[PDB]
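Below, in structure tokens: the form deposited in one PDB entry, a single chain.
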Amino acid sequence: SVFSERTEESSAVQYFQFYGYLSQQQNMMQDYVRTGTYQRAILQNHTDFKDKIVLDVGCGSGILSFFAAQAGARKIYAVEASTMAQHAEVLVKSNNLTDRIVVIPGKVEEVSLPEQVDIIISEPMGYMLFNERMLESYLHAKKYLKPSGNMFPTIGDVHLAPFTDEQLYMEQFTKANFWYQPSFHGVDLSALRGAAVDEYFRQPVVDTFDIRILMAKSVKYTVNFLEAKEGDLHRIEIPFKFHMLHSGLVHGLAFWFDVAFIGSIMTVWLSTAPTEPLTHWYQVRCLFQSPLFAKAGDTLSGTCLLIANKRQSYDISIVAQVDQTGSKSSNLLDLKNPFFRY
């Protein structure tokens, strides 16, 4: 399929085994901001569901399907690829909704649906929006969408901003410096220090932070899911140009995202910004191996380039330069192996 061609089999097994656990389902459902915002987006746009056909892409436990049912959908096809499908079917029976929710086991790239749908709903966002590459399956499912059909969420904004955090930089550098030791039980490890720093700094840091550390207005990159094709997400180029508001060492870039549910009645936002209440996505920070010194008024420019890989993630390349001084930094991150610092 379109799914097995872009996905190493090893990565798919680990991925669907992880989402087959009820404990993981629980962890996600207990995020009140996530769950409540989805429910609000769906129930406040009830006209977009009432007597319509809906597709739920990666239904999980089946919670979004239940919300579409609460809003008055005629029928909901809830497609799910893990063994979680069997547990969803149990819930559909015990909440007396077999007349309205049909669980279809399989990947959305491989199953067959009896009709076209009026609207597609999903929670495809990962860390930094793009991790897990579930946006591709969400976009692929537009093949079942009637003309003039809607998608929930409808748009996604990735936000990035430069940050200063000496203590985070020093935690990571200190761990790597284990490999400086000229005589670890009589053995010199120091020839691996370079490799060790690379490995530590390749890992993005997932946790929250005070907005006081951000040193510029954020830059926005927008994906419109109604218009995007699957292929737009194999290579994502995000140019940026920050105007620094504070002088200091810039230790890397912080990422967060917003999605919007653009209904007929109203638009609802789900934000993972650090100014907003916390979600289980936190925020994500990509440290530079060497910090860059920038004076207030200076311009920090460059590119964030995400290239999709077969382990359902992205290789991230960030190249940044201070324009006034020509101080440059280049960094490669591996979004599959993040560091959960919370």
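Residues that one form lacks are left out of the comparison. Throughout, rigid core stands for the largest set of C-alpha atoms superposing within 1.5 Å between the two forms. Residue numbers here begin at 1 and follow the sequence given.
One more form of this protein should be noted, the form deposited in another entry, which is absent from this view; the next part is about it.
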Subject >> Position with Cα shift of 2 Å or more, rigid core superposed between this form and the one not shown, options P147, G231, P182, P114 >> reply: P182
Original post:
If we fit on the core, is the Cα of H246 displaced 2 Å or more between this form and the one not shown?
Top reply: no
Original post:
If you line up the core, does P105 shift 2 angstroms or more at its C-alpha between this form and the one not shown?
Top reply: no
Original post:
Core aligned, does the CA of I211 move at least 2 Å between this form and the one not shown?
Top reply: no
**OP:** Only counting residues present in both forms, give the runs of 3 or more in a row whose C-alpha shift is 2 Å or more between this form and the one not shown, core aligned.
**Re:** 177 to 195
